[PDB]
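Trainee: Chains as they are written, first to last, in the authors' numbering: chain B, 1 to 185, 207 to 756; chain A, 201 to 716; chain C, 1 to 249; chain F, 1 to 25, 32 to 51, 57 to 98, 106 to 117.
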Amino acid sequence: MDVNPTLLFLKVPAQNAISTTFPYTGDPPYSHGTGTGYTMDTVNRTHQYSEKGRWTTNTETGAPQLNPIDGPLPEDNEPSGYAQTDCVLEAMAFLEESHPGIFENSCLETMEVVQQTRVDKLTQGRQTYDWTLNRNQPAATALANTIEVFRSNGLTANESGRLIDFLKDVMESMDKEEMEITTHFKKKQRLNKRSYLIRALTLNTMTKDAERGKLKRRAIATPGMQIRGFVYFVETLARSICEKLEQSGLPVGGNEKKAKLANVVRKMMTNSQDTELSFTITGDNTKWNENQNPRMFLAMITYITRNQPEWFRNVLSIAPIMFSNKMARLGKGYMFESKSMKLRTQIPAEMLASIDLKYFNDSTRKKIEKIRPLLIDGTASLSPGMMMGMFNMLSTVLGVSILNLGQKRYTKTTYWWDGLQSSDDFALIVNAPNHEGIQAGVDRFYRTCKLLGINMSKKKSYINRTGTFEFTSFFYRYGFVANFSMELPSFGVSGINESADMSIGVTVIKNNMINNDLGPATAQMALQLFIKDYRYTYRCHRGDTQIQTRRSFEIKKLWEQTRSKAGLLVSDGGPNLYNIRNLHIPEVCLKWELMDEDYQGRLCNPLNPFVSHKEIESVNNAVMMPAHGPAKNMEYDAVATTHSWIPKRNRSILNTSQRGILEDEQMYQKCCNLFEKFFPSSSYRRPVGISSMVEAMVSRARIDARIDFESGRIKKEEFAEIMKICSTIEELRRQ
Amino acid sequence: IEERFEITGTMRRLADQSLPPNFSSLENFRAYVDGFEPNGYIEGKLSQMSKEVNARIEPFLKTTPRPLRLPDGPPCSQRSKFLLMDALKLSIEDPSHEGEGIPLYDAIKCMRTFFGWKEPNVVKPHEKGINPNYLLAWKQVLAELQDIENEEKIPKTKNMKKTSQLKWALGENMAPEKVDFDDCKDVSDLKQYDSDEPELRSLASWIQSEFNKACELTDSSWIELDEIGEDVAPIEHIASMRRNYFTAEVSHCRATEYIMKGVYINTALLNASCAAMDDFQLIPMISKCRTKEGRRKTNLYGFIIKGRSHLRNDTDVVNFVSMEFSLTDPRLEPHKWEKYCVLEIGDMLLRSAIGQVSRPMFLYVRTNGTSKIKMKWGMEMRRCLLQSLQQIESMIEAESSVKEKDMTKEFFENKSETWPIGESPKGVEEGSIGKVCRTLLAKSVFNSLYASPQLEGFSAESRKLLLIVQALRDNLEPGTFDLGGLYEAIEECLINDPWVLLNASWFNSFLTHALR
Amino acid sequence: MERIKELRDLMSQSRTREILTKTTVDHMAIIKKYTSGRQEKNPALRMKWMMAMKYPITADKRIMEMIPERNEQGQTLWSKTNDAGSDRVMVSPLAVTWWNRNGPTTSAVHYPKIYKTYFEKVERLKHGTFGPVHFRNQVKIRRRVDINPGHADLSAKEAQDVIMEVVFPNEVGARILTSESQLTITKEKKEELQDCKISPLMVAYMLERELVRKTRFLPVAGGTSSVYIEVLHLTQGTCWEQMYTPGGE
Amino acid sequence: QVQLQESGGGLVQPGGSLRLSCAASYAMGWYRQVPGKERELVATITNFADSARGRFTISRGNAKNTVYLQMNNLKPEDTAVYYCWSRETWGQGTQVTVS
RNA sequence: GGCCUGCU
RNA sequence: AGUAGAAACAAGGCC
């Protein structure tokens, strides 16, 4: 007899055992080298899906741009980006009519937010493409570098501390004859108008790793800092709009998505009488981002912001204006090998414009030949369409408009449709009195989608009777069925620290028990395995064992020293008291009454040199990138113990010409620590104002010395010493 | 005060070049938008648009789906980092626990338990390497093991000498030296790295038998679980009883032994790579089990020599050479051992009623490699137990929601209900719930062992077709827009991986048995 | 005394003097987050990889003057080589366990008073009474429920001023809290935590967690109470219901 | 989707014989219900309960879509409604009375 | 041969 | 050689 697990589906329905079809117990695919090939392929594919448009050359950037809008209507089922302006404007108008007051309200709240938003909001972001160094750097670092360059060039309106003022300075920089940047190898280099325009309109391309569910790798993009404020405002407007649309599912979580899917299916099927047939289409959109033209987003926003202050319209329109002229950096480059001479070489992507094509294979040779005409200063113009879901929410708005355009008031026919859209994925429930009606409805829905630059993937889509469908790895079969294979990768040690890892593991087990219908015995097994892996990872074994490690000696002496050994934490080699009933309690508090007072005091000592807290945002928040989803943050319950240390940093900056960044880091951190000691609320509430550091610090020294004498340790001798030391630092700052 | 956000200068001209084709200025386009009102424009273009733009639904019937085509070529080879079906165990019957003990002394003590060593000789060559290097490496390992045996206290971790033998076997000083392009441009041979579709290979029957024997019971318990808080709630008692049942079912399973082997090997390899980055290190493959009588026991499959492991990126490769004892003659399925070099190292005598066999005892030696990501994911193989037993517990809970009572005990003891878990030439064979547990555990273990992008792609594109087939079997009038496209998407994932090809064969068999 | 003294020492050196002079208060946050350290994409892989090194964690410089450089057998506990972009020094994990067996001891009696939420959870569970498990299909319907069982009927911003006035009474600014509920909360949490020396930031964070109301969408069947939702994993399942009554009731 | 109709029941002598048959629209079998009780397992397709083993034989013709139960040497204790099933799907049952 | 780094 | 698979590793750089 030959064993075959798949035959299990002959008795258990597919959805009731779908977890077996998710090989999420092995290493996910990773990219190894350059992503330049993928970037070039994506650029060429985006440009050839809109080949029948019209070509122009921008007078500012001098780059060739392709406009397919209002182009010839498609005559085949292949992907097409020839969106029609009038059709999309009409779709938005119908969306407004079905939801009166949506645009005006959303614009009002967006106007409030834009005129009260601060610059620091831009620091709350992941890697961004700093143009000062032409590389990806943390959002805060890139923002600081750009602000420094602007201030050195004379653009100091951002000193007002307002994001709108920062954007005003950004736009004013566009009209400058010559800017100056700094490079280390420090050298001051001058950038002319066109070079700075291209550096501000460019995107950095990388390869996406840890992407499960496809054989081929893809490319993703990261924009600069000049354009992120406009993107933030536009996405704020789009989120405020989608929050008023029940057909959208992008700005919500997973459980809300399931609830809305259940509600829509029940509404569609229940209202349908015996005569009407119902069919569900589990649709995926092929080349979703490559076929969405930024000009059409400009049209949608300018229709949304009608009868609004002109400044609001301008600030919200700046973003799509820059995306329509966006450029993409090709990537890291290409690495060549010569086996005859036994050597390797790494050529940067910027040489692709001039480098001969003898080194490249046929596929890459043709890709380079096709993309060369669009190469301007080492970057390729990508006007026709978006690169990687930067305007997720606006795309969801367009999809929701398409979904609502079939409310049976615009169809003008017996058939009708509804459903749920989340960018690149949708479920469409279509009802009609007969199979011919369903066919006509789906055909018209597809045709209308093709008029908006949205394509339906026929290969990854199928239609059945309502009651069974899929949506973003959520399988609905007369009710959503748990999978538990999507969350399997999150059952190990997170990698934050000991206490954080313990709390995160127990909380993940608890949550997957609540949401993903994890069984009790399975949860106990998960707890046991997690504890085993945790002890084997942090070298913290039970203590009563003879497992020799680098940490087994101190742990054993602590074990033999303690009297009530049941109170020792698993991190210190103690027994595990966790169970299904204790999954919502931190380890420290669960073992508090069992700890010896000496060990308890040594553990939770504020003066410990290991605990370090930076800001209110990073107290008990851990960023865990979930499998098959975007990066997410979790609140984990933990007590600040000596085990809450933060791990070592990379330390490879020491071998790079960018070595002075570490000295600047140290000096900035010293100044920030001094300010915090002067202003204790610096971390919890970020200080605001327009004065400089030393003014506030010296003046508060004055006052605090005064009052702490009026009652406290200070003495006249010390108070006068502080006053004249303040005068000394004053005259020092003078010179 | 009035807020002023004025578009002017260069940024205005950019706005004039981001409009539809027949517009000249942002002012004019905004005026047109403000003056625009719906006047049935979607209908006009829908009528004018060509009718070939359609989404016609193709009915999906029993006769529609065709079997997935498998690639043809040379048979598929073995890719695992250790022997799974052909492993051999040398034991001592010590009372130490899994992590308890010192590796080298345990390995030497286990190896001294076997008598019948012979001078090693080549049996099956690597066919691409230098087998004498493997022979010399084996003899070097034996000599240095004796060298440790002589001295005072067995070191916790040993470093080996960097002889030319292991320099070749571990691929040392073979990475091309990195230079600048401006100095190497006239070299004709200079070109890109080889970037093409992997070699095509056809499925072989050895993976099927390996999976078959990976779901079989054993004479040992390969899982020694940790401690949990004493159960206080009745639901906790039910959970503990269920967990005890599953542990009794799966502990005596080759899948659990493979899990422990992989976890231990990858943990040791990662720790050695992170600690002894420069110098080659010896690590004996150790796994500790418990017999039916209850006596604890250690088992030594072989040795691993880790090489230079200066791993910077998650994809950087650390090369090692693995040696494992076995009794399976490699002269019967040579195509499964394309990358192995197999020597003859001794003879073994296992008590049998046919006098005593006095079988040969060979050494499978090969050069393999891993990476930080692969090591990390192979050291988390214990979540296969989770996956499998979560599936079984979901089955049990779903069935128990029907009858208002816990149904675990009768499922595991009466064994009345059975699920289709394989096909025999007579027909489809059904097994008890425990066999389903073991089968799912083996499937998860093999997913973790033979993981690859092909597996992910095939899994997704075949889950789609499985859902379509399930809809067909449920009488839900399923339909497709382009089924040929889906088939081509599935068939492009099957290239050379034995596991994915076996999964595709299983899918074809399921289609053949289904659709009736 | 000291604070202004390191201020003067910083202003002595030209670079830090320029940083202090030209940098305005508003930019405080930016430069504080100014770092070359990228946020890790795969934390688990490197935590499993770094812990195999010697000196894998980081600690303040003060550790060099509280913990000896080596333990009894000579295993090093800390190193004097500083981190990449900080003055902190890299140290071994043993320096943690050492601190828990011979490090300085204090009076942790006030931690229960600070971490009110967690200890209240423990007290509620310790006095809970379980019941029989009933096996029947549960119709889990998804609903918006409040998870925090100690929220004082305050929002984030609404309680943020209360938290500042409780911890940072001088940086409150214009705001003087009007609602009398906030008055009593300030009085109680002021007199209760009058000399607690854990940290201002952690105290503020835990006060925010305790007082601020927070809500999330979850699949529930029955219950719906704040105390009954924290144990939602233990009382409700796919095909079983476990009757439970927390210690509070 | 699967409908089932049982045939072949009736009044019989003890020690007599009876051939039940169930036509269907998968594993199959036969369960029975005496007037004073719930369901009793008879046969599945092979496996037979203790009370009916050696006396009764289950068989099926997949080309006729029929499962058969050949009952021999009947006892008064076999008197029940005999229900056919598929696997969730249950027939209406055929009365067998032995006396 | 001596020293530096391992997500920069 | 080996790992791996649309491009890479099989240490890097600095003296």
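Note that the Cβ used here is the ideal one computed from N, Cα and C, for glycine as well.
Tell me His-605 (chain B)'s beta-bridge partners as DSSP assigns them.
Mentor: As DSSP reads the structure, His-605 (chain B) sits in no beta bridge.
Trainee: By the three-class DSSP mapping on this structure, what secondary structure does residue 199 (chain B) have?
Mentor: Within chain B, residue numbering steps from 185 directly to 207, and residue 199 (chain B) belongs to the interval with no atoms modelled.
Trainee: Pairs of beta-carbons, one from the stretch 126–133 of chain B and one from the stretch 291–310 of chain B, closer than 8 Å: are there three or more?
Mentor: no
Trainee: Tell me where the beta strand (DSSP E) around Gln-5 (chain F) begins and ends.
Mentor: 4–7
Trainee: Taking Cβ-Cβ distances below 7 Å as the criterion, which residues of the stretch 662–679 of chain A are in contact with chain F?
Mentor: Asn-675
Trainee: Within 8 Å (strictly less), CB to CB, does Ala-433 (chain A) reach chain C?
Mentor: Put simply, the CB of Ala-433 (chain A) is near chain C, with a gap under 8 Å to one of its CB atoms.
Trainee: Is the CB-CB distance between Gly-274 (chain B) and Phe-217 (chain C) below 8 Å?
Mentor: yes
Trainee: Do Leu-390 (chain A) and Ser-375 (chain B) have their beta-carbon atoms positioned less than 8 Å apart in this structure?
Mentor: no
Trainee: Would you say the stretch 236–256 of chain A touches the stretch 67–74 of chain B, given that touching needs at least three Cβ pairs under 8 Å?
Mentor: yes
Trainee: Going along chain B, which residues have a C-beta under 8 Å from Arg-582 (chain A)?
Mentor: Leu-550, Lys-553 and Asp-554
Trainee: Taking one C-beta from the stretch 100–111 of chain C and one from the stretch 705–712 of chain B each time, how about it: are there three or more such pairs within less than 8 Å?
Mentor: no
Trainee: Nearest-angstrom Cα distance between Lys-356 (chain A) and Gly-301 (chain A)?
Mentor: 9 Å
Trainee: Under 8 Å between C-beta atoms, does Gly-488 (chain B) make it to chain A?
Mentor: yes
Trainee: Would you please state the rounded distance, in angstroms, between the beta carbons of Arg-204 (chain A) and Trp-332 (chain B)? I believe it to be under 8 Å.
Mentor: 6 Å
Trainee: Please list the terminal residues of the continuous alpha helix (DSSP H) segment that includes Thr-749 (chain B).
Mentor: 737–755
Trainee: Show which residues of chain B have a CB atom less than 7 Å away from the CB atom of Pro-238 (chain A).
Mentor: Chain B residues near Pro-238 (chain A): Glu-90, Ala-93 and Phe-94.
Trainee: Among the candidates B:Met-411, B:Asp-593 and B:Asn-44, whose CA atom is the shortest distance from the CA of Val-255 (chain B)?
Mentor: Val-255 (chain B) has its Cα closest to that of B:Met-411, out of B:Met-411, B:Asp-593 and B:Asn-44.
Trainee: Run through chain C and tell me which residues come within less than 9 Å of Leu-417 (chain A), C-beta to C-beta.
Mentor: Within 9 Å Cβ-Cβ: nothing; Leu-417 (chain A) doesn't reach chain C, min ~29 Å.
Trainee: Distance, Cα to Cα, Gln-160 (chain C) vs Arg-213 (chain C)?
Mentor: Taking the Cα positions, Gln-160 (chain C) is about 12 Å away from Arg-213 (chain C).
Trainee: What's the C-alpha gap between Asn-703 (chain A) and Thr-469 (chain B)?
Mentor: For the pair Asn-703 (chain A) and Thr-469 (chain B), the Cα-to-Cα distance works out to about 40 Å.
Trainee: Within this structure, are the beta carbons of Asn-504 (chain B) and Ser-50 (chain B) separated by less than 8 Å?
Mentor: no
Trainee: Taking the alpha carbon of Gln-247 (chain B) as the point to measure from, which residue in B:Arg-45, B:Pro-510, B:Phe-344 and B:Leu-441 has its own alpha carbon closest?
Mentor: B:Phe-344
Trainee: Hey, could you find the ends of the beta strand (DSSP E) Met-179 (chain B) is sitting in?
Mentor: 178–183 is the extent of the beta strand (DSSP E) around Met-179 (chain B).
Trainee: To the nearest whole angstrom, what separates the beta carbons of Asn-100 (chain C) and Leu-579 (chain B), a pair I think is in contact under 8 Å?
Mentor: 6 Å
Trainee: Pull up the DSSP beta-bridge partners for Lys-358 (chain A), would you.
Mentor: A:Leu-482
Trainee: Short of 9 Å Cβ to Cβ, which residues in the stretch 216–229 of chain A face chain C?
Mentor: Here the close residues number zero.
Trainee: By DSSP, does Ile-219 (chain B) sit in helix, in strand, or in coil?
Mentor: helix
Trainee: Give the interface partners of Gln-1 (chain F) over in chain A, defined as CB-CB distance under 7 Å, in chain order.
Mentor: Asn-675
Trainee: Using a Cβ cut-off of 8 Å (strictly closer), state whether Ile-63 (chain C) contacts chain B.
Mentor: yes
Trainee: Between the C-alpha atoms of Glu-351 (chain A) and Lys-367 (chain A), what's the straight-line distance to the nearest angstrom?
Mentor: If I take the Cα positions, the gap works out to 27 Å.
Trainee: Distance check for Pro-434 (chain A) and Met-441 (chain A), CA to CA, integer angstroms please.
Mentor: Answer to the nearest angstrom: the Cα atoms are 11 Å apart.
Trainee: Could you list which residues in chain C have their beta carbon closer than 8 Å to that of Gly-354 (chain B), in chain order?
Mentor: Within chain C, no residue comes near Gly-354 (chain B); the closest Cβ sits about 20 Å away, beyond 8 Å.
Trainee: Kindly say whether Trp-666 (chain B), judged by its beta-carbon, lies nearer than 8 Å to any beta-carbon of chain C.
Mentor: yes
Trainee: Nearest by alpha-carbon distance to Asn-532 (chain B): which of C:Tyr-115, C:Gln-242, C:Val-220 and C:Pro-246 is it?
Mentor: C:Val-220
Trainee: Checking contacts by CB at 8 Å: is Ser-506 (chain B) closer than that to chain A?
Mentor: yes
Trainee: Would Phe-9 (chain B) pass as an interface residue toward chain A - the criterion being a Cβ-Cβ separation below 8 Å?
Mentor: When Cβ-Cβ separations below 8 Å define contact, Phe-9 (chain B) makes contact with chain A.
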